[PDB]
Amino acid sequence: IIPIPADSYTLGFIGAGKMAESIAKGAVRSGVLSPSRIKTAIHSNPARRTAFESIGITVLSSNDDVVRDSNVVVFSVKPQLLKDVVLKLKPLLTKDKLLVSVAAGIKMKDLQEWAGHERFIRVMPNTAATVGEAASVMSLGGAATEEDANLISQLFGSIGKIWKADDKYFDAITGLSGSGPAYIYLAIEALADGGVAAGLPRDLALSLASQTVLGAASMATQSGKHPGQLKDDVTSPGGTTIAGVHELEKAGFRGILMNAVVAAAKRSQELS
Amino acid sequence: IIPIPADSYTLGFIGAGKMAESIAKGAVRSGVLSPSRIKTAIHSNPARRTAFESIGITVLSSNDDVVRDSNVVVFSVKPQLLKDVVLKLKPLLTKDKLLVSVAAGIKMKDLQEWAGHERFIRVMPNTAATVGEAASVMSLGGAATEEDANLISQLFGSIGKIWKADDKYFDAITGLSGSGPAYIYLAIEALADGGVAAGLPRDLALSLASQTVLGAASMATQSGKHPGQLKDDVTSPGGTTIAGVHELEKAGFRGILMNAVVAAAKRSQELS
Amino acid sequence: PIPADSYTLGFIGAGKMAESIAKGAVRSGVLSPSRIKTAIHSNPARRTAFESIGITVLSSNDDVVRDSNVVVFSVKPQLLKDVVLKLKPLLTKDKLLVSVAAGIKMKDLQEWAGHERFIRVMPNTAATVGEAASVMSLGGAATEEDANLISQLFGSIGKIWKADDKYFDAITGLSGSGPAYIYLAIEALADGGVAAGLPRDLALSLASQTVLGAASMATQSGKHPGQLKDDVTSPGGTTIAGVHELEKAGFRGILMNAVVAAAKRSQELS
Amino acid sequence: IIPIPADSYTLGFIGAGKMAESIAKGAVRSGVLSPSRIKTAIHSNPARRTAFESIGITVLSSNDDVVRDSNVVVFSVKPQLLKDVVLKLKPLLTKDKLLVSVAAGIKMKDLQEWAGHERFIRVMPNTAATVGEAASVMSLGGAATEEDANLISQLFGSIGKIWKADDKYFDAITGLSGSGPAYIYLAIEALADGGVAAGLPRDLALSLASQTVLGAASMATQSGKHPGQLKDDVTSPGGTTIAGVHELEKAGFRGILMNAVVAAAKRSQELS
Ligand SMILES: NC(=O)c1ccc[n+]([C@@H]2O[C@H](COP(=O)([O-])OP(=O)(O)OC[C@H]3O[C@@H](n4cnc5c(N)ncnc54)[C@H](OP(=O)(O)O)[C@@H]3O)[C@@H](O)[C@H]2O)c1
Ligand SMILES: NC(=O)c1ccc[n+]([C@@H]2O[C@H](COP(=O)([O-])OP(=O)(O)OC[C@H]3O[C@@H](n4cnc5c(N)ncnc54)[C@H](OP(=O)(O)O)[C@@H]3O)[C@@H](O)[C@H]2O)c1
Ligand SMILES: NC(=O)c1ccc[n+]([C@@H]2O[C@H](COP(=O)([O-])OP(=O)(O)OC[C@H]3O[C@@H](n4cnc5c(N)ncnc54)[C@H](OP(=O)(O)O)[C@@H]3O)[C@@H](O)[C@H]2O)c1
Ligand SMILES: NC(=O)c1ccc[n+]([C@@H]2O[C@H](COP(=O)([O-])OP(=O)(O)OC[C@H]3O[C@@H](n4cnc5c(N)ncnc54)[C@H](OP(=O)(O)O)[C@@H]3O)[C@@H](O)[C@H]2O)c1
Ligand SMILES: [Cl-]
Ligand SMILES: [Cl-]
Ligand SMILES: [Cl-]
Ligand SMILES: [Cl-]
């Protein structure tokens, strides 16, 4: 358990997919890494090779070589393939290398058991990694150090925001930040459909809907205020906003969103 | 109707309130204007003086002096005060000066009638102007030129996005982009409440809820995809997301949001 | 100007609300009983109610008006117009007039009296225990000092704010009518406790005090109600389970509906 | 089992948190205790030291010292920490010291077992302790005396009202007076939103909502009347109040509150 060199470490991705590509691009963009400090290896699809090579990243010929050449190893394969991937690599997974999993639904207890050591960090990012606005949460294995956590905080900070939490919260996280973007995609479409129903052109309705949601969320993220207070700030007496708000409350809007999170969290738990 | 010099016009705010401050800051930040080209005047509250002076802007002693010194005049008082404010200034409202209203709910027909001429642009911004993410729409009076419009686009482009539309769409705009932020504040709170109901800490639930919404909206704004495509991208077969989405659909989530927009737009119309 | 420390107050309509205001003003020292007058109508039990507080009961409404710097109209609303018309010669501009009548607008008050030195107040039922929510509106000739005087008076029986007359239908639906919404809530909470196995007496005692406490927190804490709700909803706990039931059912929207309906009814009546 | 000296006993808090601070302040305010008769010890957060010292209370260096110096010991740590805290202190928990737990959801049977004796009182307060308007209930362990009960009644009388009940009622007490304040916070916000929907300014709507609720509860507390009679007193024929009440009854308002108490009480039982 030697500290990973914060400014010069090399990063390897096992599973050269979309999430790996997003993280790589983000980290290159933010200057946290350069392409020469990133490695991956393809599986069956040769189009993935091109994706990485075109951003300056070297694609090695096996998972084993990626691990050998890396200080930090990110496992970014589909969850149901992760166990075998880790077991095959296990002789190379020495405690001087920080391991990271972004696999949905795979618990730290299992990660540590497969790898045979506890210098492991789990991250649950979300789809908005692609635009640098992921909501990510990390949980630390028994031997991950504070400096390991800072390294991962800086890396994932390059594709959005990143918070820390106990591993036991990750089913609920999955139902909220993991699954939530679909709730808001529905909301955006519905708001646009509402605009069109009220007489607006469809291109404008959609443009407004998307930017309205973006603006409101940016207020919530930057203002330091409770969402109730933000709502209070915009509801003028007897005005349009409160008329719309009343329709939401008549229908139990808040309880519907709560239901969705809860159902999604419960599903996460059922899928293990 | 002399063209307003694009690179040298002076801007005046009538009503030195929150929205004026947001616009002024934005325009100074973007480099559209320098503080020396902006003027305003205080009403009763001397704290507003400080707000403007601290960004380098000169506070004159009356609304009349602001108008005299300005090529472009933005009316940013509360809507129910606007008529008397304009009537009092009318003699100074010569046709060489471009007039702009940001007042919610006040139609172009009335603006033009109060001012006595048609070189008037209406804008409807929203509350996210404070963080530079407003959704704004402008409509042009009968004598507003294409160059006048470009000037106003550039100015409102500095506090978010800005689109153009006929005045007859403004009730529906008001119900969607004007009132919509409250719908999303409710959504954010409810997502957080859902997280807590599924066992998350509050501080984390709320941070995730806000950043989830922000991220999803960023994906909608940048991806070029229809919201249904985005929803398809994240709903993996039999997974957590589609479980949550199904709960939303069982309850008619989309129709509830449509209802809110339609009701808000109908209220806008009823208020005039 | 009405002498702030020495004025005399008259009640026209010696009912419950007049009694509550009289007691509260006596208790706070804003008035003494010797500075308050009223007159009975038909019920002689009202005489004993006022006399037992040290207040003189005069023999007619006319005498009450003559002897008073400030005149509070505290008869039922449908009786107010005739009462004011009968007294109109005595309603001189040196006397401040006040109505606590539900649903009667300032425009009508001023028209019946023939002048504009008139203040309207909408209190509520909790005046009885010194916890009213009250709002005042000022007629066209009511002065700032007149307003202060009324604030002091209604500050003795609860809280008092100022608002334009045009808000009073909505006020009536919220603070006027709202107590009944809470009485339902209290009963329901108790019934819920009994349904979960609690003894009735204890269920009811807990319900009332839980509501009292929560409202005291909202009043004193300086926090938004959402923040207060956040403070008590621990992760996966009992509180968020209960809140989730409320939200599934659209609890908030139901209370909104009640306020809106009540306000609409106020407008329709008035 | 020596009686605790009613006028001179010393009180110790284990767990120097919010509830401990509320109880301390209430007891000082009412004159039941003086600050010199109260002791506590901090854990990790030194801001808690300042909170108690600023009330005149001595902060000792360990839990063990607090116990040694106290006749009455109040356990005010989070419930999931309580078992270990009591086990560690057990050698000092002699029968001459009255023990009290304010921990939510921890039964008398377990308390007695952990401490190794039955001179134990359980109290369930609620959040309004902060303003002296808690609804609290106590249950008595097998060796708690009448004089012990009077001592606790007096103590908790200083932060609200306090009743006695068998331990088997506590899941339902938790769902009603423990959780109930949230139900009322929703109600207060909803009433305010309703005011705004009916045309009121926000500040006034919220002020009125809060005081209306406070008033009505004071009437219920002081009047000696059944809530149905209080409702009958304010519902004039065909008037505004009955119009509002009818909307409540149409929607099954009473059943919804009953549902919330029941669900909360059931959750309490499930959490143990
Ligand atoms: N995508 C998101 O937005 C998001 C959000 C949160 C979490 N995640 C998590 O991120 C992980 C990756 O998702 P993704 O969307 O990027 O998946 P993906 O695009 O399908 O990428 C997975 C890659 O792994 C490769 N692979 C399969 N077997 C392999 C092996 N034995 N060794 C090395 N590579 C192998 C696949 O290549 P072939 O196709 O050639 O077999 C594929 O390129 C998942 O566990 C997911 O739960 C994703
Ligand atoms: N805020 C938003 O998010 C938003 C969004 C869309 C549209 N709008 C619109 O923008 C306008 C301004 O809103 P706002 O929130 O900025 O309001 P605000 O902050 O209250 O600003 C109003 C300002 O006008 C001043 N004022 C009052 N009477 C005046 C007079 N006769 N002459 C000059 N100034 C006077 C007020 O001063 P005193 O307080 O000192 O009297 C105050 O500084 C409104 O029409 C609103 O509909 C706002
Ligand atoms: N009580 C509240 O909580 C509350 C809340 C808000 C507003 N208000 C308003 O306050 C007003 C009074 O209500 P209240 O509940 O006190 O009514 P109340 O108890 O019935 O008393 C009104 C009194 O007026 C008397 N009266 C009838 N005709 C009269 C006349 N011509 N001259 C003088 N007095 C006459 C009645 O006499 P008899 O005894 O002979 O019948 C009665 O004692 C109402 O307008 C109500 O809307 C009350
Ligand atoms: N708050 C309420 O309204 C309310 C209502 C009813 C019941 N209760 C109950 O009252 C109890 C306390 O709640 P609370 O809100 O007051 O919690 P709190 O504010 O978090 O207080 C807990 C305190 O215990 C300390 N602590 C942790 N481990 C300790 C140990 N081993 N020895 C001594 N102290 C330790 C903590 O210190 P650090 O900060 O350093 O960790 C903290 O100061 C809970 O059991 C709760 O169920 C609370
Ligand atoms: Cl509005
Ligand atoms: Cl999914
Ligand atoms: Cl809880
Ligand atoms: Cl009524």
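Sequence lines set the chain letters: A, B, ... in the order given, protein chains first and strands last, and positions in each chain run from 1.
The closest side-chain donor-acceptor pair between C:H244 and A:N259 falls under 3.5 angstrom. In summary, the side chains of D:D64 and D:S62 do not present any donor paired with an acceptor at a separation below 3.5 Å, with no hydrogens or angles considered. A donor-acceptor pair shorter than 3.5 Å cannot be found between the side chains of B:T240 and A:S268. No side-chain donor from either of A:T221 and B:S210 sits under 3.5 Å from a side-chain acceptor of the other. In this structure, a donor-acceptor pair under 3.5 Å is absent between the side chains of D:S177 and D:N126.
In this structure, OG1 in A:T145 is found 8.5 Å from CG in A:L140, a value given to the nearest 0.5 Å. To the nearest 0.5 Å, atoms CD (A:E270) and CG (A:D171) are separated by 10.0 Å. Atom CZ of A:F120 and atom CZ of A:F75 lie 5.5 Å apart (nearest 0.5 Å). One distance of note links OG of A:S218 with CD1 of B:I184; it measures 12.0 Å at 0.5 Å rounding. Atom CD1 of C:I240 and atom CG of B:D193 lie 5.0 Å apart (nearest 0.5 Å). Here the straight-line distance linking atom CD of A:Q154 with atom CD1 of A:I162 works out to 12.0 Å at 0.5 Å rounding.
Between A:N71 and A:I4, the shortest heavy-atom contact is O-CD1, 3.5 Å. Contact record, A:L271 with B:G239: CD1-CA, 4.3 Å, taken as the closest heavy-atom pair. When all heavy atoms are compared, the tightest approach of B:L204 to A:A165 is CD2-CB, 3.9 Å. The two residues D:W114 and D:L87 make their nearest non-hydrogen contact at O-CD2, 3.6 Å. Closest heavy-atom contact between B:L206 and A:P227: CD1-CG, 3.8 Å. Among all heavy-atom pairs drawn from A:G26 and A:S158, the shortest one is O-CB, 3.5 Å.
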All N/O donor-acceptor pairs, side-chain side in residues 231-238 of chain B, below 3.5 Å, sequence neighbours left out:
residue : atom : partner : partner atom : Å
B:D233  : OD2  : B:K225  : NZ           : 2.7
B:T235  : OG1  : B:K231  : O            : 2.8
B:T235  : OG1  : B:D232  : O            : 3.4

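Between D:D110 and D:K83 there is no salt bridge, since no side-chain N of the basic residue sits under 4.0 Å from a carboxylate O of the acidic one.
Side-chain contact between A:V32 and A:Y9 is present, with at least one heavy-atom pair separated by less than 4.5 Å. Between A:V86 and A:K90 there is no side-chain heavy-atom pair separated by less than 4.5 Å. In this structure the side chain of D:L111 reaches within 4.5 angstrom of the side chain of D:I106, judged on heavy atoms. D:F13 places none of its side-chain heavy atoms less than 4.5 Å from the side chain of D:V66. Taking 4.5 Å as the limit, some side-chain heavy atom of C:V243 sits within range of a side-chain heavy atom of D:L186. At least one side-chain heavy atom of A:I173 sits under 4.5 Å from a side-chain heavy atom of B:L208. In this structure, B:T212 and A:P181 have side chains that are in contact, with non-hydrogen atoms separated by less than 4.5 Å. Between A:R119 and A:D148 the shortest side-chain heavy-atom distance falls below 4.5 Å.
No donor-acceptor distance shorter than 3.5 angstrom exists from the side chain of A:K95 to the backbone of A:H117, with no hydrogens or angles considered. A distance-only check finds a donor-acceptor pair linking the side chain of A:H226 to the backbone of C:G226 [under 3.5 Å]. Although no hydrogens or angles enter the test, the distance criterion places no donor-acceptor pair under 3.5 Å between the side chain of D:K18 and the main chain of D:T127. Of the possible donor and acceptor atoms, none in the side chain of D:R122 sits under 3.5 Å from a partner among the backbone N and O of D:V102. Between the side chain of A:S30 and the main chain of A:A27, a donor-acceptor pair closer than 3.5 Å is present. Using a distance-only test at 3.5 Å, with no hydrogens or angles considered, a donor-acceptor pair links the side chain of A:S223 to the main chain of A:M219. A distance-only check finds no donor-acceptor pair linking the side chain of A:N63 to the backbone of A:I14 [under 3.5 Å]. A distance-only check finds a donor-acceptor pair linking the side chain of A:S76 to the backbone of A:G15 [under 3.5 Å].
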**Request:** Please report the C-alpha distance between D:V261 and D:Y183 in whole Å, then the side-chain angles of each, then the deciding distance to 0.1 Å, and finally whether the side-chain contact (heavy atoms from CB on, under 4.5 Å) criterion is met.
**Result:** CA-CA 9 Å; D:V261 178; D:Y183 317 155; 4.2 Å; yes
Under the criterion side-chain contact (heavy atoms from CB on, under 4.5 Å), I'd like the reasoning laid out for D:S101 against D:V123: C-alpha separation, chi angles, the key distance, then a yes or no. CA-CA 6 Å; D:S101 172; D:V123 182; over 6 Å; no
Passes side-chain contact (heavy atoms from CB on, under 4.5 Å), D:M124 versus D:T174? Steps please.
CA-CA 8 Å; D:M124 178 59 185; D:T174 302; 4.2 Å; yes
Review point. Could you walk me through whether A:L155 and A:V100 pass the side-chain contact (heavy atoms from CB on, under 4.5 Å) check?
Key: CA-CA 11 Å; A:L155 181 61; A:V100 183; over 6 Å; no
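Identified under the side-chain hydrogen bond (donor to acceptor under 3.5 Å, both in side chains) test for residues 130-141 of chain A, with sequence neighbours left out: A:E133-B:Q211, A:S139-A:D167.
By the 6.0 Å contact criterion, NZ on A:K25 is open, its count of non-hydrogen atoms from other residues, nucleotides or ligands being 12 or less.
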